[PDB]
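This text opens with one protein chain seen in two forms, each one given by itself as structure tokens under the names structure 1 and structure 2.
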Structure 1
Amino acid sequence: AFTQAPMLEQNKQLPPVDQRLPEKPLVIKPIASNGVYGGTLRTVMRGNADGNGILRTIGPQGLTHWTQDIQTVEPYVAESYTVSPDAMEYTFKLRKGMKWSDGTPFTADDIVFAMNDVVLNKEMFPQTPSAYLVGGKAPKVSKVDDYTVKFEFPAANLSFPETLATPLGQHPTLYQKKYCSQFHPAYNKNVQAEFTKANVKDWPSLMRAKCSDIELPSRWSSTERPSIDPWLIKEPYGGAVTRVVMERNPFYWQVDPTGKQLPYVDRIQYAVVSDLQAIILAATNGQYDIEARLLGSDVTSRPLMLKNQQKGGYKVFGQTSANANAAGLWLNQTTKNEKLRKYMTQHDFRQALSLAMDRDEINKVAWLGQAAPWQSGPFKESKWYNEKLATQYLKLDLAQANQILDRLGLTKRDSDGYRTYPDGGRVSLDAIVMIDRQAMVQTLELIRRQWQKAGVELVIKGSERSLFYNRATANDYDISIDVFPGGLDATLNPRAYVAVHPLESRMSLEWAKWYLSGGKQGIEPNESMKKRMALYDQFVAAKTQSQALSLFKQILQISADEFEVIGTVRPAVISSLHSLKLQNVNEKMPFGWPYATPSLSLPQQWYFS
């Protein structure tokens, strides 16, 4: 019936391929042509907390999957699903005979465990991941039969199929009950004895160490953790390693239109590189079969990238980024700097800071003129376009900026020429940045010089990714620089407009913590944010598309009125590459986190000619 990769003939112990596949495997139509088996996919990740590079290469294996044009989703791990007319009850039919990577059955037992015993367990997650919540309230997940599972939300949830296609929506398929139950007190009477083995002190830490989460490095650091991924870890991430190797999953659950069990490619090899510049040189020498993640936003190197295409044996292709802003200033409304906070919370202060910026210079210098000035709003083709949110305060007006700061009472000056607070102290903002992000650091250096003309001091504090996230969650920053999503993905990724993302809504993560705990932790936000949060809960629970359109447009307008985050430039074209020998890469796919790119292009059907 079906066939398998020749390298699998080398494992005597494997059942015949028809018995490893579901009775009805998901048939994957290829991007361009039917493929052939073999080869090793060479790509790259960074050394510091870059496990999402693996996830965005092999792809989240969720209940649904985006179409190539990201306009809709289709059943993926689920064979099919039905929705009740009121959008509250979702019933998923699973593929009979489907198996985990260890050969054991993948059934509704696994999805019910993942939801009820892990995701929805409040000791595991004191705040339930919001992907599964409606207005902060959880669904009831129940087994219908071995191959049918039901989600019952307490209100309409029109967007749940889209959520289930994003990386943060993939919990339902991430936890094998058999393996993970040994680390759960509800199942292992002796789970305590597992703590000393893993050097943890409680079972949630145990569960994270052994069974992982969406973005934890532990997801890729063991070989024994079962999954339904197209490739499995063989040489793990985590240690002081310079290379990660994944190998085809003999129990992968898909075929191509001729009946070949996928993936076509036998192995993936990630170079784990300590420094950016080395990635650039190896890429320009053709050492990577695909790179469409780390080098996409470095306009400085596309001349050499383009130049060495023929010598390196690769093709450069452009992608449209979903981000509204390539490098935006998240201003901390809950900055611990008491003197600064009195001005940070004033609209006109933030407006002055934006008017003192010269986005044409940033474009020219940091982006070789290939980006364009923008704040944080959706693009004009978006049904969510808001002119004010996109274009207010974009033109340099130093005189106007200085007049505002004068009017706010920052008219005293120190010996170096900077403005001071009325009661002493230089007007100074600390900006945290990831040191490996060259365009972002360069953006802050240009802004520092620009804001000096307004008598304001910007202080650059660079670190690797871990400490950068640690400082943010500690509320230890005045500014954080990173992308503003929303150009194309505003409802999937609304972090810049309302403080709902626990790690990335950095107008205040204490505000987000307040929202995500029902006001039990964190810092109560101001009236405009509490208003947007209430509207956001109404939007997620909207009964009709017209109500959802009205509600979310209200959120964007309030966000525009408030002007809480300051954009520099919307992204230039994303520069990606793949080997000329690598076939079936969708060179037209958009770029972005909610689609896990480049894995949106279905890497299980990439192949080498």
Structure 2
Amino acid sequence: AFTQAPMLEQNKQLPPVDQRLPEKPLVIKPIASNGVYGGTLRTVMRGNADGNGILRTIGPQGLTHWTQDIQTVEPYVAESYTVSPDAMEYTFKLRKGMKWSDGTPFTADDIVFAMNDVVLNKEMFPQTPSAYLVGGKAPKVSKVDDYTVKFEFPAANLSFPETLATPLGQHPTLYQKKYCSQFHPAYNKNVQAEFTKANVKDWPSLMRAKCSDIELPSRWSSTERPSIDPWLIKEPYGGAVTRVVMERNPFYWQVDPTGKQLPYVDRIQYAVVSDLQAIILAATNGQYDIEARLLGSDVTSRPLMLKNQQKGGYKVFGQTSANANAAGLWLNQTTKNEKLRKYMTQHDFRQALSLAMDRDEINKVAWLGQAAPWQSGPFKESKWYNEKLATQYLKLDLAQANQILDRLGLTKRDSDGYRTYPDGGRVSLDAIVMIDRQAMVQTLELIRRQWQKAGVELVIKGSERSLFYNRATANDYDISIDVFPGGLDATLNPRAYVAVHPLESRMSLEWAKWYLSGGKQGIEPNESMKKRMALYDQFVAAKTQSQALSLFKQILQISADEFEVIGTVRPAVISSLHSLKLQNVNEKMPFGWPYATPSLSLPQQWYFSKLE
């Protein structure tokens, strides 16, 4: 029938392997070769707020999964699904006999519980996760039979299969009804008895503590939360741990073409290292079997990584980043600086700042000449390419920048030669940056010098990640520097074009708060942004592919016309690495959060062999 890992063969307390697998397990075709059981995968997470490093190692186990070339999705946890002709109704067929990590049957009841008792429960989630909303409206989720679940949306939802393949669309498979119902008042009529032991005082917080959510640290901090993951937490993630250990799921629901129950690798061990420089040192000494998340986006480490391949016994593979920009300037339309805000909100002021920038200098110095000047738009390889959004205002034109600033009335000068506002005060912008992002910090220093020639002061406020995010959510910045997504993943990750992401749409997080709260909170966006938000809701509800294309192209055009965020360079190659002994890593996969890379590569079929 099927075969199993020796470490499970030796555990006589488990059911036979046939009884642990679905009747028809998902058969994984390996990337390169059929594999061998065994070993520990060594990798790394940066500190104690990096739980997505586990998620992007083991992979979200969603109803669908990206293909290796990210051009479409395929049924994953679902055996198959159907779509109604108008794309309003999705029906998923599950794999009969599939089981959770604790041996409990996996059935339609779990998906209906996840959606109706957790995701769509307004006490649990006062704002419903956007992955399941069409025009701010929720689907009707119902059990069709013991292995079939139906989603009925109030409008067409063409993108739902793709959404289900992203990390943020994985709630349907995240909650086992039996275990989680213990912590839910619709099932446990004395759930308050669980509060004290869990250090909580309400049931949504109890659910978060015990059952968790996509990106909560609690997802990886307990050994008793059942899952359908390829490996399971054994040594948990915590506030002060130095390592995390996961071991194979004995009920994993996939086999290779020889009938072997996956995964091949027995164990994953994560070093928990706060200092990014210590991670670089360990990685160049070959301490990690895979590192494809933390070190590759900053090209300043690439020379050292390449140089130490032979000594460390690893191979660098270059990935194409989905991001449009490696280090974009997010200008805050709702800056609390009242004098600056009068200019920040003018298109021509933002144009001037872009024209005063020398992106060739930025590329050659901060990015070792390995990147390329770019603004915020999708790449030419994408159907979403917009020439204006990608390339306007890219060339240094200091004279025109100074001419615009003069025309805006910023002609008075202070004793250091900077421009001032008409009623005094240096024209000065505070830029927040994470201090350990070396290329981003260096980019800001070069921009500071360039803007000085236009009489504008850039104040660089570098900090640890936590203070960077606290400054952002306090609306306490004029500029925030971080990537612009959208080079390849524009509709999956539209934060730079329309203010829909509550932490990262930093042209104004108050605008995003207004969008997500239906106008009850936050700050009213300007007319061009409200129009894009309305177009975005129409796009999600588009009845046809060509209507979707038209609507999102309109969003991108308005974004180009407004020029709200200023790019420096599109990404250099992403330098990832894997040990020479680690087999079946797809070295051609793109890099990005919507595909949870490197887990896109199906880590359950990675394996170890030392081969010539």
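All residue numbers here follow the sequence of structure 1, with the first residue given the number 1. Only the largest set of C-alpha atoms that superpose within 1.5 Å between the two forms is called the rigid core.
Visitor: Let me spell it out: fit the two forms on their rigid core, measure each listed C-alpha, and pick the one of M434, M115, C180, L295 that moves 2 Å or more between the two structures. Which is it?
Guide: After core superposition, the single residue displaced by 2 Å or more is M434.
Visitor: Could you tell me whether the Cα atom of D416 shifts by at least 2 Å between the two structures after core superposition?
Guide: Yes; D416 is a residue whose C-alpha shifts (by 2 Å or more) between the two structures when the cores are overlaid.
Visitor: Fitting the rigid core first, would the Cα of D478 be found 2 Å or more away between the two structures?
Guide: The answer is yes, as the C-alpha of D478 shifts between the two structures by 2 Å or more after core alignment.
Visitor: Superposing on the rigid core, is the Cα displacement of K189 between the two structures 2 Å or more?
Guide: Not so; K189 is displaced by less than 2 Å.
Visitor: For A499, give the CA shift between the two structures in Å, the superposition being done on the rigid core.
Guide: Superposing on the rigid core gives a C-alpha shift of 1.0 Å for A499.
Visitor: When the rigid core is overlaid, by how much has the CA of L467 moved between the two structures, in Å to one decimal?
Guide: Displacement of the C-alpha, rigid core superposed: 4.0 Å.
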